[PDB]
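>>> How does the following fold in three dimensions:
(4 chains)
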Amino acid sequence: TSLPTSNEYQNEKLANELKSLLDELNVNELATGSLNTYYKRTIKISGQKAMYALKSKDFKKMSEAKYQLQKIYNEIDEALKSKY
Amino acid sequence: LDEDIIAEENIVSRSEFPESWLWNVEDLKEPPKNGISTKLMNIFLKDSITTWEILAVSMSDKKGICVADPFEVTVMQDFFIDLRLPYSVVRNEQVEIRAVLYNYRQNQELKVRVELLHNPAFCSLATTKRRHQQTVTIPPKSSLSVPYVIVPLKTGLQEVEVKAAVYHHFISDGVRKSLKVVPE
Amino acid sequence: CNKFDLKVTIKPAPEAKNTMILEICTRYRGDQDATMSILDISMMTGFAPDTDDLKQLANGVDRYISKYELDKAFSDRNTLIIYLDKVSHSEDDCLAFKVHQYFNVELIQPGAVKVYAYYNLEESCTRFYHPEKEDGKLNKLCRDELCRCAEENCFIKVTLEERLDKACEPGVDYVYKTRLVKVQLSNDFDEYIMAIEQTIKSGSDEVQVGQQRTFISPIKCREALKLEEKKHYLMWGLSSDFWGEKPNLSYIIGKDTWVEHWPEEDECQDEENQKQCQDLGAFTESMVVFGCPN
Amino acid sequence: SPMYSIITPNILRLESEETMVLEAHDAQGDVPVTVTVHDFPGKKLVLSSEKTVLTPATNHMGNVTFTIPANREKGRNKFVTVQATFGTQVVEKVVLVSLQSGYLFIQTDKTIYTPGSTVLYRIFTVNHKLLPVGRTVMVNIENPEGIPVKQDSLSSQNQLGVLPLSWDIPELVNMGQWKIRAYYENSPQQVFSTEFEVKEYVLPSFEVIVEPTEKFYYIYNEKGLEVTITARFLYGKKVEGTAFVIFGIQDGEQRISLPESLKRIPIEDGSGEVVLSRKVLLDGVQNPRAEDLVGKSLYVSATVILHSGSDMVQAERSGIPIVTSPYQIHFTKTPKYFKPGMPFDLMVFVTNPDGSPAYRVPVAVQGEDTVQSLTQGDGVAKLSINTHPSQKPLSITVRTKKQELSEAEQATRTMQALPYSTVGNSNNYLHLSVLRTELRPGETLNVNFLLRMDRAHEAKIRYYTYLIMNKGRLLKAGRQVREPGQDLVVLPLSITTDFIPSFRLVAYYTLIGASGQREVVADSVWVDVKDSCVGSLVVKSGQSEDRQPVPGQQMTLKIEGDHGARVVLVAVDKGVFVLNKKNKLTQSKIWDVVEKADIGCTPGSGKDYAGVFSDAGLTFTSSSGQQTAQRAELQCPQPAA
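Residues are numbered from 1 along each chain as shown, chains lettered A, B, ... in the order given. This is the structure:
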């Protein structure tokens, strides 16, 4: 084979950026247990966004979501640091 | 639960509605700068969708009793539910609670499947297996009220709980307020 | 109530096949006519008021509905306020407007009407309305004070194994073949003094074969029912259908209970009733000698 | 002939530091002085420890620092006899003392609670300097029929003046504003109270605000009273709904509704217009001739309903005045005594009807057409008139002068100022002309010292002795030097935060003249400084910039205040304040507690040398026997109008 088209490349990068996160979602969801109810309330909605976004193979939904989940995913780190 | 929408399993409702909170007592032990000591504080807001008003008084044997201005911290959302629960109902009397669905999006009405949760301490229209949902439309910059008749079945302190999510968006809010059942 | 009167008539209109009339009959229990006052309706899910009839209302005097409310498409109007300028102390002050189901649903909830003078809110009156349900009032089952729900269905192709399945889940605690002595009725809740002819599977009720126990049901479920005293019956439900303390217990007819008319000795000679009379016998032995698979 | 003078506060205080000024006039070399306080009458020697010497270095001016204990000693004022002995000479005076320890402020988390919701409260405890002190306090919680349902006794020691506390409201209990009362265990009579309402309520999801285009209603205003109704959710957002508005008239505490004024208007885009109309009120109650009404007030109740029918809110603007003139005129910040010949600085106070200071409003006097002066941001206007050296009472009458108002619509008021009554009618005077603006700590104020006397004994006067009252205690006492031929000397007054909210200045000189007569000429001036925290406190945002936070989200709070200070926090759903906004803690409420506790009762001056001294919170006792009218009244002169 040869090389992929523009759309083709970007689209597959986003996706496997996205997936990269959904992979270690569960680990995250689980760290919320200790954390204040937001965190849980938040991550759960962010999680779905992704999984639907990922399956939908549409750039927007996928990046938009890429980012949602990124944020929370680090609204968690910052959290667990003020606690050891 | 792959529909252009959140699933109810995932909607973790707000619940903690203090009318007040943050009754702490910090101490400005920091290295003064321009004589002014600064304390960064961390505080988790409370679930309630409203404006909070922080009040602060200072005492310093040197400078005395201070009366900081009030300070405003608006907690808001573009979509959220109002559970408008009266002060007190009466066991075995069948009243009407409103839920006010607020949509503040600039431009584009909202479809929402809003869903009263099946209480066992209530003769709602909800059952163990069968839920109670409407897909309902709220124009933008306005509110659709969605009433709900219920019957309070046991005395003491029950809990209403609603839930809505919006289609195609992935926005969602849940809300667990409690009200007071008093006996006849 | 008392400070206000509220007659909330819901009848259909002659002459769609789904569209109906709502009439509201109010009176101030006082010496004077109350001042300004609110009429707070909310439609039964999937109904809504005919725009043309409501403009007809505001355009009059003594009343007024806010422009903001006249705007929204007849559909978006899932509730509604009607300001009164007066509510006589003298006679019923009524009105009415065509409402239309625009939306096909099962389990349509009870719309409700509310009123009160702007000044004081507590002194409300809240009637409810509904097309099937008598009075706005949900189906609830009440002896003395305690109350439980009864908005589920009444019962529920049938076979020995449909039954050795559906009569072994958690809830199943009792299973009786019983003949019915007395069949009372009341304007509120009708009951059944049925006699247990054979304790098929004993439950949290210590009842010797032959003792009578008292069952109850919603007066709104007379249709799926039908009762010929001296007619026997096969039934089973869950321990949460028990009513009050012992040994003056009582059974709650609800959804998690199951009901079939058990035929008579020479009523199974038929060539159509055999499919059942044979399913039952086997189920009897199957429930006595072995019990449930799990 | 040497003369020794003793100067103290008009009324002393227990368990707090006081100060008194020792002076040696016209004496030579070092003079050692011993000072002693005794209970009255008799001898208990309550405070003798203190000794000091008036060196020719420090122009013979002394510092007295002492603290009177609270030993086992009513309805009859207790006194003390102070005794200051210079060398062998022994001067003394008999002053009034108060059991009043200091102040107490109480804070409740909310303004209103529901049965079964606990009420959090803090008692801030401080001395007359608003500094945190530590005593023992008793605290009652009266129910709405006045009956203490709980008391504790607590010491505020080392607790940096802050006593946390709570009380669990029982499930069944009377509603109705209750009360929290607390006093210092030393002095039961000076009680302190804050209220809180107990009711059954759900919080409302918006606020409603009623507002007259004018802060009053003019009787001849054909338009009637116009009012704009405003609704907006707590989350800031505009409300749609309809709102019922209705008016009434108040007389004293008596309230008549105008049933006919009831109007139903739409509240559109968070706002609505509506208006009671003259002919609407008159007959309303029986249209009995307007005028009469003059003096009474109006009120409006509005009640909004969301179009959703979910949530209601009432709210009412009360006591809007019925007036024939927009402005009022007050001389209670102007002294009541001038010096003939000398310029008199008039402090006219111009309030809107309600009570609020009115800005930029012109004022002038009866006589002169050319004299005008506006009203700075404090509802104050500085006008100065040159007076005639005539021993005749000087009656002044001021009058508003706003363009667009008719001369009937303008408001006036009259006062009467008496000349300063000298010693032996010698015609010797002292004036302190002080430039009058909004003084602020750090800014420097000039005190013009103007000498009025026949050059005969002019060379004699060598120095002015000045003092500063503040929160009713001595904050500074100094000397301003003078050289012969000088009538004007200017005093550089640094102005620190220790001057807030207002300080008094009394200067006096003394001499022998005319016919071997020992004299005292003096002058007192009040200067209300800009009121604000003494240190600072601010609570702004943490994230310099950001979008609205979200329910349950982390937010960083920033607190900028005095080093080592203690802050006590609370955040309150502003929805509460839509149910009750009364009885909150304000710093402005504290300044108000501190002024009403002033011992000085006059804006400026004295009828005589000895009045200037008793008007500000002071006593002057000298060897030569020229003492001030003893003070034996705790409060100021019961208002005689």
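>>> Now name the helix or strand holding residue A:64.
helix A:59-75 (DSSP states H and E).
>>> List the buried residues in that helix.
A:61, A:62, A:65, A:66, A:68, A:69, A:72, A:73, A:75 (16 or more other Cβ atoms under 10 Å in any protein chain shown). Every residue, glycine included, has its C-beta placed from N, CA and C.
>>> wait, doesn't the first one sit right on residue A:51?
What it means is residue A:61. No - the pair residue A:61 and residue A:51 does not pass the contact test of Cβ atoms under 8 Å, sitting 10.9 Å apart.
>>> tally of neighbours for the residue in the stretch 301-450 of chain D positioned nearest to chain A?
Residue of the stretch 301-450 of chain D nearest chain A, by Cβ to the nearest Cβ: residue D:310 (24.3 Å). By other Cβ atoms under 10 Å in any protein chain shown, the residues close to residue D:310 number 22.
>>> Regarding it, what is its secondary structure?
Of the three states, residue D:310 takes coil under DSSP: H, G, I helix; E, B strand; the rest coil.
>>> which residues touch it?
Contacts here follow Cβ atoms under 8 Å, 6 or more residues apart in numbering or on different chains; on that basis residue D:310 touches B:82, B:84, B:98, B:100, B:145, D:205.
>>> Return only those of the residues you listed found close to chain C.
Checked against chain C using Cβ under 8 Å from any Cβ of the partner chain, the contacts of residue D:310 yield the following neighbours: residue B:145.
>>> circling back: which elements pack onto the helix holding residue A:64?
helix A:6-23, helix A:25-31, helix A:37-56 (3 or more Cβ pairs under 8 Å, 6 or more residues apart in numbering or on different chains; DSSP states H and E).
>>> 6 Å - rerun?
helix A:6-23, helix A:37-56 (3 or more Cβ pairs under 6 Å, 6 or more residues apart in numbering or on different chains; DSSP states H and E).
>>> Burial-wise, tell me which of those helices comes out on top.
Among the helices and strands packed on helix A:59-75, helix A:37-56 has the highest mean neighbour count (mean count of other Cβ atoms under 10 Å in any protein chain shown), at a mean of 20.
>>> Can that one be said to contact chain B?
Yes - using Cβ under 6 Å from any Cβ of the partner chain, helix A:37-56 reaches chain B at A:40, A:41, A:44, A:45, A:48, A:49.
>>> Next, the angle helix A:6-23 makes with that helix.
Orientation check (axes from the mean of the first three to the mean of the last three Cα atoms, to 10 degrees): helix A:37-56 against helix A:6-23 gives 140 degrees.
>>> tell me the centre residue of chain C?
Among the residues of chain C, the one closest to the centroid is residue C:139, at 3.4 Å (Cα atoms, centre = their mean).
>>> List the contacts of it.
Residue C:139 is in contact with C:150, C:151, C:218, C:220, counting by Cβ atoms under 6 Å, 6 or more residues apart in numbering or on different chains.
>>> Up against chain A, what does the stretch 151-294 of chain C have?
Counting by Cβ under 6 Å from any Cβ, no residue of the stretch 151-294 of chain C is near chain A.
>>> Please list the residues of the stretch 151-294 of chain C that sit near chain B.
Residues of the stretch 151-294 of chain C lying near chain B (Cβ under 6 Å from any Cβ): residue C:152.
>>> Let me see the ranges of the strands in the stretch 151-294 of chain C.
Remark: strands assigned in the stretch 151-294 of chain C by DSSP state E, counting those that start in this stretch are C:172-182, C:189-201, C:212-218, C:232-238, C:250-252, C:258-262.
>>> starting at the chain centroid, how far to the longest one?
This means strand C:189-201. The chain centroid and the centroid of strand C:189-201 are separated by 23 Å under Cα atoms, centre = their mean, to the nearest Å.
>>> With stretch B:75-83 instead?
For stretch B:75-83, the distance to the chain centre is 7 Å (Cα atoms, centre = their mean).
>>> what sits up against it?
For stretch B:75-83, contacts defined as Cβ under 6 Å, 6+ apart pick out B:45, B:49, B:99-105, B:160, B:162, B:164, B:171, B:173, B:175, B:177, D:205, D:235, D:548-549, D:551.
>>> now do 7 Å
B:45, B:49-50, B:52, B:99-105, B:110, B:160, B:162, B:164, B:166, B:171, B:173, B:175, B:177, D:205, D:235, D:310, D:548-551 (Cβ atoms under 7 Å, 6 or more residues apart in numbering or on different chains).
>>> relative to its centroid, which residue of chain B is most remote?
Centroid-distance maximum for chain B: residue B:62 at 42.0 Å, with Cα atoms, centre = their mean.
>>> same check, this time on chain D
Distance from the centre of chain D peaks at residue D:308, with 47.3 Å (Cα atoms, centre = their mean).
>>> Find the nearest non-adjacent residue to it, please.
Nearest non-adjacent residue to residue D:308, counting by Cβ to Cβ, 6 or more residues apart in numbering or on different chains: residue B:145, 3.5 Å away.
>>> Contacts only, for the one you found.
For residue B:145, the contact set (Cβ under 7 Å, 6+ apart) comprises B:98, B:100, C:79, D:308, D:309, D:310.
>>> I'd assumed residue C:83 was in contact with the fifth one.
No - counting by Cβ atoms under 7 Å, residue D:309 does not reach residue C:83; the two are 11.3 Å apart.
>>> Please enumerate the strands of the stretch 101-250 of chain D.
For the stretch 101-250 of chain D, the strands defined by DSSP E, counting those that start in this stretch occupy D:103-108, D:112-113, D:119-126, D:136-142, D:148-155, D:162-163, D:166-167, D:179-184, D:187-194, D:197-198, D:206-212, D:217-218, D:225-233, D:241-251.
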